[PDB]
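Next up is one chain by itself, shown in structure tokens, the form deposited in one PDB entry.
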């Protein structure tokens, strides 16, 4: 089956569509209340790590020690049937560079990529572990094309797609994330 397509659409409809519009105000609140001082500096976008290899560790610090958990973005509450006042969780990380706090932003993996990885295990899934990669590529794809026409995506988030070279492991996830942050500084 072609799943990447459906998961991208479920992802947007049940999450991005809902949270992105109310996202920036939530960021602003954290900044005002927590400091309105010192670093503040929480970036204004939702950052979605897109590991093409579909490897998604539950603790972000594990993938890279330089990615440190700061706080949790103030809850969002919504009556998502049948649930009442259903909580939506985002986590705030600060990226370290040579022991220096280089940036602070709302950051997270794309769960759909993780589910994709898990699905290949199951017999009835039924898409081979081989198809994990193309499925991964189709996902980031569909999202871009979805977010392109997203009235909500008034540049509220930035996708971060990456694959780590097979031969060498000199890849720094924090570095990848920092690039986008800095670039958007020159951009913004």
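Superpose the two forms; the largest set of C-alphas matching within 1.5 Å is the rigid core. Positions refer to the first chain, counted from 1.
Beyond what is shown, the protein has a form deposited in another entry; the following relates to that form.
Residue 34 is among the residues whose C-alpha shifts by 2 Å or more between this form and the one not shown once the rigid core is aligned. After superposition on the rigid core, displacement of the C-alpha of residue 47 between this form and the one not shown stays below 2 Å.
Once you line up the core between this form and the one not shown, the Cα of residue 159 stays within less than 2 Å of where it was. Between this form and the other one, the CA-CA gap for residue 126 and residue 9 widens by 3 Å or more, being larger in the other form.
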